[PDB]
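Participant: Can you read through this structure? Questions will come right after.
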Amino acid sequence: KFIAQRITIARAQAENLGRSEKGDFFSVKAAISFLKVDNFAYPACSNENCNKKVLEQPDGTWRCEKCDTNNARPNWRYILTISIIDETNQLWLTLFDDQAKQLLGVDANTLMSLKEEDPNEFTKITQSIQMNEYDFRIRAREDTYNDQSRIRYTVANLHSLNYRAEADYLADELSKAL
Amino acid sequence: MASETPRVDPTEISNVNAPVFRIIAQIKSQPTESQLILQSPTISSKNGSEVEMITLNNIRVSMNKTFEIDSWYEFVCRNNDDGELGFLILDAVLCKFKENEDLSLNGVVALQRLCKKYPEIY
DNA sequence: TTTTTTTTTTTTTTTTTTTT
């Protein structure tokens with residue numbers, strides 16, 4: 001009793017639609033193509049459930065607008081996204097702190113301190129983690145900033161290492177085809 | 001090699017005469033190293049298809065190719081066209097999946113069937 | 001047996017190995 005059947009990204013835009021306004025994400029099995037080098041982790045204050053992005057006053061220490069505090073450790077949160085490819089479409093997936101932290105197994109502060117570090121192991125981790133296969137739960141929403149609007153996707157979960165269940169499931173689908 | 005080497009069922013020895021093919025099945029230990037027992041069931045039990053086991057004669061050929069118990073191996077072999085002899089053991093590839101996990105042979109069987117009905121794709 | 005609070009709306013991945 002596991003999740004097996006699913007659809008693709010090409011079938012995600014229009015399949016016998018609609019489905020007018022209603023849906024909640026869905027499961028996707030897709031390989032990872034490339035990891036963007038820009039917009040990895042944005043800095044913020046260290047606390048639980050921080051919705052504010054700290055800025056720099058003419059001080060030199062990070063300052064939060066809503067909650068006044070002195071930030072000793074500028075705790076970073078993952079804004080990093082990834083470029084993925086599937087059986088049909090080539091899409092882009094936006095990962096959160098837990099999703100991107102679970103992807104490479106490295107936190108945001110250690111990743112930012114790893115990039116600014118003298119050794120080149122940052123590019124070694126970036127190139128070693130890229131080009132893999134992964135499973136996500138992706139949802140689609142349409143947001144508009146000013147003059148530009150398009151549908152974007154996010155990652156609600158990560159799953160991998162499943163092999164036997166997919167092979168036996170496809171084998172059963174082959175046996176039930178007759 | 002560079003030629004076509006599809007995966008065929010060990011019971012197809014009567015269909016094709018002396019080809020070069022690869023087999024993925026279960027390896028059993030004989031009383032001697034000159035014989036081999038290949039356990040290859042098919043899908044469901046009571047559906048009408050049962051376990052297909054084929055015995056081969058290893059003789060002295062491929063001494064270092066001896067198979068480990070419970071391990072999997074890709075069998076590169078050529079059938080003998082004379083008689084009273086199984087598939088000649090030539091090459092073997094180490095085959096295992098993961099730790100604390102196994103693999104069902106059904107997905108393999110459906111493999112070996114499809115490549116029989118569709119020679120275009122392997 | 002699955003229900004948001006951490007940005008901005010682009011995004012480039014391998015760019016050099018090869019006959020007459």
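The chains in the structure tokens are called A, B, ... from first to last as shown; in each chain the residues are counted from 1, and the ligands are counted from 1 in the order shown.
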Considering only strand (DSSP E or B) as DSSP defines it on the backbone, what residues of chain B qualify? List them as number ranges by chain.
Facilitator: B: 7, 20-23, 26-28, 35-40, 52-57, 72-79, 87-95
Participant: Restricted to N, CA, C and O atoms, what would the selected residues look like written as a short mmCIF file (atom, residue, chain, number, x, y, z; two decimals), in the first residue's frame?
Facilitator:
```cif
data_model
loop_
_atom_site.label_atom_id
_atom_site.label_comp_id
_atom_site.auth_asym_id
_atom_site.auth_seq_id
_atom_site.Cartn_x
_atom_site.Cartn_y
_atom_site.Cartn_z
N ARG B 7 18.07 -10.91 -22.95
CA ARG B 7 17.81 -11.79 -21.82
C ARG B 7 16.67 -12.73 -22.19
O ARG B 7 15.55 -12.28 -22.47
N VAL B 20 24.11 -16.55 -27.80
CA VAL B 20 24.88 -15.96 -26.71
C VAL B 20 23.95 -15.01 -25.97
O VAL B 20 23.56 -13.97 -26.51
N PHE B 21 23.59 -15.37 -24.74
CA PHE B 21 22.57 -14.64 -24.00
C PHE B 21 22.97 -14.51 -22.54
O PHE B 21 23.90 -15.17 -22.06
N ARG B 22 22.24 -13.65 -21.83
CA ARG B 22 22.43 -13.41 -20.41
C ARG B 22 21.17 -13.81 -19.66
O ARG B 22 20.05 -13.60 -20.13
N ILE B 23 21.35 -14.40 -18.48
CA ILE B 23 20.26 -14.88 -17.65
C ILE B 23 20.41 -14.30 -16.25
O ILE B 23 21.52 -14.25 -15.70
N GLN B 26 17.97 -17.28 -9.82
CA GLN B 26 18.51 -17.67 -8.52
C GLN B 26 19.52 -18.79 -8.69
O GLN B 26 19.33 -19.71 -9.49
N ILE B 27 20.61 -18.71 -7.92
CA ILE B 27 21.69 -19.68 -7.97
C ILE B 27 21.62 -20.55 -6.71
O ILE B 27 21.55 -20.02 -5.59
N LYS B 28 21.64 -21.86 -6.90
CA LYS B 28 21.64 -22.82 -5.81
C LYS B 28 22.94 -23.61 -5.79
O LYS B 28 23.60 -23.78 -6.82
N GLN B 35 28.27 -28.60 -11.26
CA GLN B 35 26.86 -28.48 -11.60
C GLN B 35 26.30 -27.19 -11.00
O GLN B 35 26.91 -26.58 -10.12
N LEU B 36 25.13 -26.80 -11.49
CA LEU B 36 24.48 -25.58 -11.03
C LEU B 36 22.97 -25.75 -11.13
O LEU B 36 22.47 -26.41 -12.05
N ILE B 37 22.25 -25.16 -10.18
CA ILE B 37 20.79 -25.19 -10.16
C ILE B 37 20.29 -23.75 -10.26
O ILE B 37 20.63 -22.91 -9.42
N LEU B 38 19.50 -23.48 -11.29
CA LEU B 38 18.94 -22.15 -11.53
C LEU B 38 17.46 -22.18 -11.17
O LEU B 38 16.66 -22.84 -11.83
N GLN B 39 17.10 -21.46 -10.11
CA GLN B 39 15.72 -21.33 -9.66
C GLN B 39 15.14 -20.05 -10.24
O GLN B 39 15.59 -18.95 -9.91
N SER B 40 14.14 -20.19 -11.11
CA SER B 40 13.51 -19.06 -11.78
C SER B 40 12.00 -19.25 -11.78
O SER B 40 11.43 -19.81 -12.73
N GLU B 52 10.30 -22.47 -12.43
CA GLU B 52 11.05 -23.10 -13.51
C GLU B 52 12.52 -23.15 -13.11
O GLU B 52 13.19 -22.11 -13.05
N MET B 53 13.01 -24.35 -12.84
CA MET B 53 14.40 -24.56 -12.43
C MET B 53 15.12 -25.35 -13.51
O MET B 53 14.62 -26.37 -13.99
N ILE B 54 16.31 -24.88 -13.89
CA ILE B 54 17.11 -25.49 -14.93
C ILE B 54 18.48 -25.84 -14.35
O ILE B 54 19.13 -24.98 -13.75
N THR B 55 18.90 -27.08 -14.55
CA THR B 55 20.18 -27.56 -14.05
C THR B 55 21.21 -27.53 -15.18
O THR B 55 20.92 -27.97 -16.30
N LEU B 56 22.40 -27.02 -14.88
CA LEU B 56 23.48 -26.92 -15.85
C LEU B 56 24.71 -27.64 -15.32
O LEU B 56 24.82 -27.94 -14.13
N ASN B 57 25.64 -27.93 -16.23
CA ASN B 57 26.88 -28.63 -15.90
C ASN B 57 28.04 -27.65 -16.04
O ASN B 57 28.36 -27.22 -17.15
N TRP B 72 23.24 -12.37 -6.45
CA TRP B 72 22.73 -12.37 -7.81
C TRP B 72 23.88 -12.20 -8.78
O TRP B 72 24.93 -11.65 -8.43
N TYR B 73 23.71 -12.72 -9.99
CA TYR B 73 24.75 -12.62 -11.01
C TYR B 73 24.11 -12.53 -12.38
O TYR B 73 23.11 -13.20 -12.65
N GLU B 74 24.69 -11.70 -13.24
CA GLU B 74 24.31 -11.64 -14.64
C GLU B 74 25.08 -12.71 -15.40
O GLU B 74 26.32 -12.69 -15.42
N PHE B 75 24.36 -13.64 -16.01
CA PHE B 75 24.95 -14.82 -16.63
C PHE B 75 25.16 -14.55 -18.12
O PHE B 75 24.20 -14.45 -18.88
N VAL B 76 26.42 -14.45 -18.53
CA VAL B 76 26.79 -14.36 -19.93
C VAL B 76 27.22 -15.76 -20.37
O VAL B 76 28.26 -16.26 -19.93
N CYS B 77 26.42 -16.38 -21.23
CA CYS B 77 26.65 -17.78 -21.57
C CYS B 77 26.23 -18.06 -23.00
O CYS B 77 25.49 -17.28 -23.62
N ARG B 78 26.72 -19.18 -23.52
CA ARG B 78 26.40 -19.65 -24.86
C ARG B 78 25.88 -21.08 -24.76
O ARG B 78 26.49 -21.92 -24.09
N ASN B 79 24.77 -21.36 -25.44
CA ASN B 79 24.17 -22.68 -25.38
C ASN B 79 24.97 -23.67 -26.23
O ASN B 79 25.52 -23.32 -27.27
N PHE B 87 23.86 -24.89 -20.66
CA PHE B 87 24.50 -23.70 -21.18
C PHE B 87 25.93 -23.60 -20.65
O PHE B 87 26.15 -23.70 -19.44
N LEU B 88 26.88 -23.40 -21.56
CA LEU B 88 28.28 -23.31 -21.16
C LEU B 88 28.53 -22.01 -20.40
O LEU B 88 28.22 -20.92 -20.90
N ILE B 89 29.09 -22.12 -19.20
CA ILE B 89 29.35 -20.96 -18.36
C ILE B 89 30.55 -20.22 -18.91
O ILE B 89 31.64 -20.79 -19.07
N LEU B 90 30.37 -18.93 -19.21
CA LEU B 90 31.44 -18.11 -19.78
C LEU B 90 31.78 -16.94 -18.86
O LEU B 90 32.89 -16.90 -18.32
N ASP B 91 30.87 -15.99 -18.67
CA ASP B 91 31.12 -14.82 -17.84
C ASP B 91 29.99 -14.64 -16.85
O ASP B 91 28.85 -15.07 -17.09
N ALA B 92 30.30 -13.99 -15.73
CA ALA B 92 29.32 -13.70 -14.69
C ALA B 92 29.60 -12.32 -14.11
O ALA B 92 30.76 -11.97 -13.85
N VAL B 93 28.54 -11.54 -13.91
CA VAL B 93 28.65 -10.19 -13.38
C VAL B 93 28.04 -10.16 -11.98
O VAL B 93 26.98 -10.75 -11.74
N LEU B 94 28.71 -9.48 -11.06
CA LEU B 94 28.20 -9.35 -9.70
C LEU B 94 26.94 -8.50 -9.69
O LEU B 94 26.93 -7.37 -10.20
N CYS B 95 25.87 -9.04 -9.11
CA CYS B 95 24.57 -8.39 -9.10
C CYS B 95 23.98 -8.45 -7.69
O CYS B 95 23.71 -9.54 -7.17
#
```
Participant: Using only C-alpha atoms (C1' of nucleotides) and a distance of at most 8 Å, pull out the residues of chain A that contact chain C, as a PyMOL selection string.
Facilitator: chain A and resi 33-34+36+50-51+77-79+96-97+144-145+148-150
Participant: Mind listing the helix (DSSP H, G or I) residues of range 3-98 of chain B, per DSSP on the backbone, as JSON, numbers by chain?
Facilitator: {"B": [10, 11, 12, 13, 14]}
Participant: Once you count only C-alpha atoms, what closest atom pair and distance in Å to one decimal does each residue of chain A within 12 Å of chain B have, with rows by chain and rising residue number, as JSON lines?
Facilitator:
```
{"residue": "A:161", "atom": "CA", "partner": "B:98", "partner_atom": "CA", "distance": 9.7}
{"residue": "A:162", "atom": "CA", "partner": "B:101", "partner_atom": "CA", "distance": 10.6}
{"residue": "A:163", "atom": "CA", "partner": "B:103", "partner_atom": "CA", "distance": 8.8}
{"residue": "A:164", "atom": "CA", "partner": "B:103", "partner_atom": "CA", "distance": 5.8}
{"residue": "A:165", "atom": "CA", "partner": "B:103", "partner_atom": "CA", "distance": 9.0}
{"residue": "A:166", "atom": "CA", "partner": "B:107", "partner_atom": "CA", "distance": 9.3}
{"residue": "A:167", "atom": "CA", "partner": "B:107", "partner_atom": "CA", "distance": 5.7}
{"residue": "A:168", "atom": "CA", "partner": "B:107", "partner_atom": "CA", "distance": 5.3}
{"residue": "A:169", "atom": "CA", "partner": "B:107", "partner_atom": "CA", "distance": 8.3}
{"residue": "A:170", "atom": "CA", "partner": "B:107", "partner_atom": "CA", "distance": 7.6}
{"residue": "A:171", "atom": "CA", "partner": "B:107", "partner_atom": "CA", "distance": 5.0}
{"residue": "A:172", "atom": "CA", "partner": "B:107", "partner_atom": "CA", "distance": 8.1}
{"residue": "A:173", "atom": "CA", "partner": "B:110", "partner_atom": "CA", "distance": 10.2}
{"residue": "A:174", "atom": "CA", "partner": "B:110", "partner_atom": "CA", "distance": 7.3}
{"residue": "A:175", "atom": "CA", "partner": "B:110", "partner_atom": "CA", "distance": 7.7}
{"residue": "A:176", "atom": "CA", "partner": "B:110", "partner_atom": "CA", "distance": 11.4}
{"residue": "A:177", "atom": "CA", "partner": "B:110", "partner_atom": "CA", "distance": 11.7}
```
Participant: Those residues with C-alpha atoms, as a short mmCIF file (atom, residue, chain, number, x, y, z; two decimals), in the first residue's frame please?
Facilitator:
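out-v9.cif, freshly written:
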```
data_model
loop_
_atom_site.label_atom_id
_atom_site.label_comp_id
_atom_site.auth_asym_id
_atom_site.auth_seq_id
_atom_site.Cartn_x
_atom_site.Cartn_y
_atom_site.Cartn_z
CA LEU A 161 15.40 5.14 -2.71
CA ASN A 162 12.19 3.38 -3.83
CA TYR A 163 13.01 0.77 -6.47
CA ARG A 164 11.43 -2.65 -5.92
CA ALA A 165 7.93 -1.23 -5.48
CA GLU A 166 8.09 0.62 -8.81
CA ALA A 167 9.48 -2.36 -10.72
CA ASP A 168 6.93 -4.80 -9.27
CA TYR A 169 4.12 -2.26 -9.75
CA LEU A 170 5.02 -1.76 -13.41
CA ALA A 171 5.31 -5.54 -13.76
CA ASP A 172 1.79 -5.95 -12.38
CA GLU A 173 0.58 -3.25 -14.78
CA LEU A 174 2.19 -5.25 -17.60
CA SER A 175 0.51 -8.45 -16.41
CA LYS A 176 -2.91 -6.74 -16.18
CA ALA A 177 -2.62 -5.35 -19.73
#
```
Participant: Pick out the residues sitting within 12 Å of residue 46 in chain A, and hand them over as a PDB file with N, CA, C and O atoms, in the first residue's frame; count only C-alpha atoms (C1' of nucleotides), and ignore anything fewer than 2 positions along from it in its own chain.
Facilitator:
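Here's the written file around_22.pdb:
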```pdb
ATOM      1  N   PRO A  43      19.482  35.817   4.495  1.00  0.00           N
ATOM      2  CA  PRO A  43      19.715  35.934   5.937  1.00  0.00           C
ATOM      3  C   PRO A  43      18.498  36.466   6.675  1.00  0.00           C
ATOM      4  O   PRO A  43      17.678  37.208   6.131  1.00  0.00           O
ATOM      5  N   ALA A  44      18.402  36.081   7.944  1.00  0.00           N
ATOM      6  CA  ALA A  44      17.321  36.529   8.812  1.00  0.00           C
ATOM      7  C   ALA A  44      17.764  36.354  10.260  1.00  0.00           C
ATOM      8  O   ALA A  44      18.854  35.848  10.543  1.00  0.00           O
ATOM      9  N   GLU A  48      12.184  31.341  16.341  1.00  0.00           N
ATOM     10  CA  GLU A  48      11.210  30.400  15.806  1.00  0.00           C
ATOM     11  C   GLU A  48      10.150  31.145  15.003  1.00  0.00           C
ATOM     12  O   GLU A  48       9.602  32.150  15.467  1.00  0.00           O
ATOM     13  N   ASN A  49       9.884  30.656  13.790  1.00  0.00           N
ATOM     14  CA  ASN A  49       8.867  31.210  12.894  1.00  0.00           C
ATOM     15  C   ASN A  49       9.127  32.696  12.625  1.00  0.00           C
ATOM     16  O   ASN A  49       8.402  33.586  13.077  1.00  0.00           O
ATOM     17  N   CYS A  50      10.198  32.939  11.874  1.00  0.00           N
ATOM     18  CA  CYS A  50      10.587  34.291  11.487  1.00  0.00           C
ATOM     19  C   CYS A  50      10.011  34.592  10.109  1.00  0.00           C
ATOM     20  O   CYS A  50      10.444  34.012   9.107  1.00  0.00           O
ATOM     21  N   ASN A  51       9.040  35.501  10.056  1.00  0.00           N
ATOM     22  CA  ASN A  51       8.417  35.914   8.807  1.00  0.00           C
ATOM     23  C   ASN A  51       9.021  37.193   8.241  1.00  0.00           C
ATOM     24  O   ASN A  51       8.618  37.628   7.157  1.00  0.00           O
ATOM     25  N   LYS A  52       9.979  37.797   8.938  1.00  0.00           N
ATOM     26  CA  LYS A  52      10.550  39.077   8.549  1.00  0.00           C
ATOM     27  C   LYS A  52      11.938  38.877   7.955  1.00  0.00           C
ATOM     28  O   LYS A  52      12.693  38.004   8.395  1.00  0.00           O
ATOM     29  N   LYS A  53      12.267  39.689   6.955  1.00  0.00           N
ATOM     30  CA  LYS A  53      13.587  39.691   6.340  1.00  0.00           C
ATOM     31  C   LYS A  53      14.374  40.879   6.881  1.00  0.00           C
ATOM     32  O   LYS A  53      13.989  42.033   6.662  1.00  0.00           O
ATOM     33  N   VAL A  54      15.469  40.595   7.586  1.00  0.00           N
ATOM     34  CA  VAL A  54      16.258  41.655   8.198  1.00  0.00           C
ATOM     35  C   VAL A  54      16.969  42.465   7.119  1.00  0.00           C
ATOM     36  O   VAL A  54      17.319  41.954   6.046  1.00  0.00           O
ATOM     37  N   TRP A  62      22.688  43.256  11.509  1.00  0.00           N
ATOM     38  CA  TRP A  62      21.390  43.040  10.885  1.00  0.00           C
ATOM     39  C   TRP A  62      20.270  43.513  11.802  1.00  0.00           C
ATOM     40  O   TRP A  62      20.306  43.302  13.017  1.00  0.00           O
ATOM     41  N   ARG A  63      19.266  44.159  11.211  1.00  0.00           N
ATOM     42  CA  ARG A  63      18.166  44.749  11.964  1.00  0.00           C
ATOM     43  C   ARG A  63      16.842  44.235  11.421  1.00  0.00           C
ATOM     44  O   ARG A  63      16.626  44.228  10.205  1.00  0.00           O
ATOM     45  N   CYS A  64      15.959  43.810  12.321  1.00  0.00           N
ATOM     46  CA  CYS A  64      14.627  43.348  11.961  1.00  0.00           C
ATOM     47  C   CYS A  64      13.614  44.461  12.201  1.00  0.00           C
ATOM     48  O   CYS A  64      13.655  45.142  13.229  1.00  0.00           O
ATOM     49  N   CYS A  67      10.346  43.046  14.913  1.00  0.00           N
ATOM     50  CA  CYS A  67      10.879  42.715  16.228  1.00  0.00           C
ATOM     51  C   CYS A  67      12.268  43.324  16.371  1.00  0.00           C
ATOM     52  O   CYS A  67      13.187  42.964  15.628  1.00  0.00           O
ATOM     53  N   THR A  69      15.732  43.581  17.780  1.00  0.00           N
ATOM     54  CA  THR A  69      16.681  42.705  18.452  1.00  0.00           C
ATOM     55  C   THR A  69      18.045  42.863  17.798  1.00  0.00           C
ATOM     56  O   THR A  69      18.162  43.348  16.669  1.00  0.00           O
ATOM     57  N   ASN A  70      19.076  42.446  18.527  1.00  0.00           N
ATOM     58  CA  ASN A  70      20.440  42.415  18.017  1.00  0.00           C
ATOM     59  C   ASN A  70      20.754  40.994  17.570  1.00  0.00           C
ATOM     60  O   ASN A  70      20.662  40.055  18.369  1.00  0.00           O
ATOM     61  N   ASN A  71      21.122  40.836  16.302  1.00  0.00           N
ATOM     62  CA  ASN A  71      21.353  39.520  15.717  1.00  0.00           C
ATOM     63  C   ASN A  71      22.835  39.181  15.826  1.00  0.00           C
ATOM     64  O   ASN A  71      23.672  39.798  15.159  1.00  0.00           O
ATOM     65  N   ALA A  72      23.159  38.198  16.669  1.00  0.00           N
ATOM     66  CA  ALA A  72      24.532  37.716  16.751  1.00  0.00           C
ATOM     67  C   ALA A  72      24.847  36.745  15.621  1.00  0.00           C
ATOM     68  O   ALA A  72      25.923  36.816  15.017  1.00  0.00           O
ATOM     69  N   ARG A  73      23.925  35.837  15.324  1.00  0.00           N
ATOM     70  CA  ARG A  73      24.086  34.876  14.234  1.00  0.00           C
ATOM     71  C   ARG A  73      23.023  35.135  13.177  1.00  0.00           C
ATOM     72  O   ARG A  73      21.827  34.892  13.433  1.00  0.00           O
ATOM     73  N   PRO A  74      23.389  35.618  11.990  1.00  0.00           N
ATOM     74  CA  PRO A  74      22.385  35.844  10.941  1.00  0.00           C
ATOM     75  C   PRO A  74      21.885  34.539  10.345  1.00  0.00           C
ATOM     76  O   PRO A  74      22.355  34.121   9.283  1.00  0.00           O
ATOM     77  N   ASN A  75      20.948  33.883  11.029  1.00  0.00           N
ATOM     78  CA  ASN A  75      20.477  32.572  10.600  1.00  0.00           C
ATOM     79  C   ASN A  75      19.890  32.641   9.195  1.00  0.00           C
ATOM     80  O   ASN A  75      18.988  33.437   8.922  1.00  0.00           O
ATOM     81  N   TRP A  76      20.397  31.789   8.309  1.00  0.00           N
ATOM     82  CA  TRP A  76      20.007  31.803   6.906  1.00  0.00           C
ATOM     83  C   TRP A  76      18.873  30.818   6.660  1.00  0.00           C
ATOM     84  O   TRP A  76      18.821  29.747   7.271  1.00  0.00           O
ATOM     85  N   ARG A  77      17.959  31.193   5.770  1.00  0.00           N
ATOM     86  CA  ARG A  77      16.892  30.309   5.326  1.00  0.00           C
ATOM     87  C   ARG A  77      17.028  30.079   3.828  1.00  0.00           C
ATOM     88  O   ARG A  77      17.483  30.958   3.091  1.00  0.00           O
ATOM     89  N   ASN A 109      23.141  27.854   6.958  1.00  0.00           N
ATOM     90  CA  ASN A 109      24.288  28.576   7.502  1.00  0.00           C
ATOM     91  C   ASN A 109      25.597  27.888   7.133  1.00  0.00           C
ATOM     92  O   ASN A 109      26.578  28.555   6.780  1.00  0.00           O
TER      93      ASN A 109
END
```
Participant: Have a look at CA of residue 105 in chain A and CA of residue 37 in chain A and let me know their distance in Å, one decimal.
Facilitator: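 Spanning CA of residue 105 in chain A to CA of residue 37 in chain A is a straight-line distance of 17.0 Å.
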Participant: Record the distance separating CA of residue 143 in chain A and CA of residue 131 in chain A, expressed in Å with one decimal.
Facilitator: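 That distance, rounded to one decimal, is 29.0 Å.
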Participant: Give me the residues near residue 84 in chain A as a tab-separated table (two decimals) with N, CA, C and O atoms (P, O5', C5', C4', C3', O3' and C1' of nucleotides), in the first residue's frame, where near means some atom within 10 Å (using only C-alpha atoms (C1' of nucleotides)) and where sequence neighbours in that chain fewer than 2 positions away do not count.
Facilitator:
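Final output, saved to part29.tsv:
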```tsv
chain	number	residue	atom	x	y	z
A	30	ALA	N	10.81	12.67	-10.80
A	30	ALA	CA	11.55	13.42	-11.80
A	30	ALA	C	13.02	13.50	-11.43
A	30	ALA	O	13.37	13.58	-10.24
A	31	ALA	N	13.88	13.48	-12.44
A	31	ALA	CA	15.31	13.64	-12.23
A	31	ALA	C	15.67	15.11	-12.05
A	31	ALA	O	14.97	16.01	-12.53
A	32	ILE	N	16.77	15.35	-11.35
A	32	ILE	CA	17.28	16.69	-11.12
A	32	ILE	C	18.29	17.02	-12.21
A	32	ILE	O	19.13	16.18	-12.57
A	33	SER	N	18.22	18.23	-12.76
A	33	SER	CA	19.12	18.62	-13.84
A	33	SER	C	20.23	19.53	-13.33
A	33	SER	O	21.40	19.14	-13.34
A	34	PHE	N	19.88	20.74	-12.88
A	34	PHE	CA	20.88	21.72	-12.50
A	34	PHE	C	20.46	22.43	-11.23
A	34	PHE	O	19.27	22.54	-10.92
A	35	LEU	N	21.45	22.92	-10.48
A	35	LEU	CA	21.24	23.68	-9.26
A	35	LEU	C	21.72	25.11	-9.50
A	35	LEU	O	22.87	25.33	-9.88
A	81	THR	N	16.18	27.37	-5.39
A	81	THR	CA	15.36	26.51	-6.23
A	81	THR	C	16.27	25.63	-7.07
A	81	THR	O	17.50	25.74	-7.03
A	82	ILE	N	15.66	24.73	-7.85
A	82	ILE	CA	16.40	23.80	-8.69
A	82	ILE	C	15.70	23.68	-10.04
A	82	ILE	O	14.50	23.91	-10.16
A	86	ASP	N	11.90	15.85	-16.38
A	86	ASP	CA	11.13	14.62	-16.20
A	86	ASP	C	10.97	13.91	-17.54
A	86	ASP	O	11.59	14.31	-18.53
A	89	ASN	N	8.42	17.18	-19.62
A	89	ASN	CA	8.74	18.59	-19.47
A	89	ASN	C	10.03	18.79	-18.67
A	89	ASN	O	10.47	17.93	-17.91
A	90	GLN	N	10.64	19.95	-18.88
A	90	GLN	CA	11.74	20.44	-18.05
A	90	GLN	C	11.21	21.62	-17.24
A	90	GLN	O	10.85	22.66	-17.80
A	91	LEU	N	11.14	21.45	-15.92
A	91	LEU	CA	10.47	22.39	-15.04
A	91	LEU	C	11.45	22.95	-14.02
A	91	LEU	O	12.63	22.59	-13.97
A	92	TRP	N	10.94	23.86	-13.18
A	92	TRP	CA	11.70	24.48	-12.10
A	92	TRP	C	10.93	24.29	-10.81
A	92	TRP	O	9.71	24.52	-10.77
A	93	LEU	N	11.62	23.88	-9.75
A	93	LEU	CA	10.99	23.61	-8.46
A	93	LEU	C	11.62	24.49	-7.39
A	93	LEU	O	12.84	24.50	-7.23
A	130	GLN	N	24.00	17.56	-7.74
A	130	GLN	CA	23.23	17.74	-8.97
A	130	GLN	C	23.27	16.47	-9.82
A	130	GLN	O	24.11	15.58	-9.63
A	131	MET	N	22.32	16.39	-10.75
A	131	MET	CA	22.14	15.24	-11.64
A	131	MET	C	21.83	13.97	-10.83
A	131	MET	O	22.62	13.03	-10.75
A	132	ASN	N	20.64	13.98	-10.24
A	132	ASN	CA	20.11	12.85	-9.49
A	132	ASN	C	18.63	12.72	-9.82
A	132	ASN	O	18.06	13.51	-10.57
A	133	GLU	N	17.99	11.70	-9.24
A	133	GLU	CA	16.57	11.46	-9.41
A	133	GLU	C	15.88	11.59	-8.06
A	133	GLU	O	16.42	11.15	-7.03
A	134	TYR	N	14.69	12.19	-8.05
A	134	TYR	CA	14.01	12.46	-6.80
A	134	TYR	C	12.50	12.46	-7.02
A	134	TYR	O	12.02	12.54	-8.15
C	13	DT	P	25.21	27.44	-18.16
C	13	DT	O5'	25.60	25.97	-17.67
C	13	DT	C5'	25.38	25.60	-16.31
C	13	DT	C4'	24.49	24.36	-16.23
C	13	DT	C3'	24.93	23.20	-17.10
C	13	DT	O3'	25.89	22.41	-16.41
C	13	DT	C1'	22.56	23.54	-17.24
```
